[PDB]
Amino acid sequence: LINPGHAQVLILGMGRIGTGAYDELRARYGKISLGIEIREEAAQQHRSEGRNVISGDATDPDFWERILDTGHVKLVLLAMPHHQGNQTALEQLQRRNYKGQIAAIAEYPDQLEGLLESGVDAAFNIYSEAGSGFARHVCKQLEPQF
């Protein structure tokens, strides 16, 4: 947040998924991410916890035109796997002439397929990612002597 407004990563949805992604990116790159969260209470709690998060609706074209389309964004993470959130936000992003990368995480197989078909650069399954992270974090915390 050295230069406010200059986030290079947008994380759309700051539930547990978005937050996990936010924390990982911070660890690697420092403070280059902005998370977007529709629930105001949730956004305020993230800000209290020291994360760069604002409230707003990633399906609203005006929020895109007024706020999110800054010209600095290199990567957008779609972390709204329920209620067609990912696909709806993707639609808005594509209307804007966005030249960066897009990645999505989805709950089911056919959902990943539709996201890739609609032009996301990379798509992942929530649970397969969770299993991979789980195994790493366990080996980190417990250091089993294999």
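Numbering starts at 1 and follows the sequence shown.
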Quiz prompt | 131-139 or 13-21, whichever carries the higher mean Cα B-factor | solution = 131-139
Quiz prompt | Stretch exceeding the other in mean C-alpha B-factor - 62-70, 110-118 | solution = 110-118
Practice problem: Divide the modelled residues of the chain into thirds by Cα B-factor and specify which third, lowest, middle or highest, holds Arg51. | Solution: lowest
Self-check item: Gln94 CA temperature factor, ranked by third within the chain
Solution: highest
Exercise. Would you check the entry's CA temperature factor for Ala43 and let me know if it's in the chain's lowest, middle or highest third?
Key: middle
Quiz prompt | Ranked against its chain, the third holding the CA B-factor of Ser33 | solution = lowest
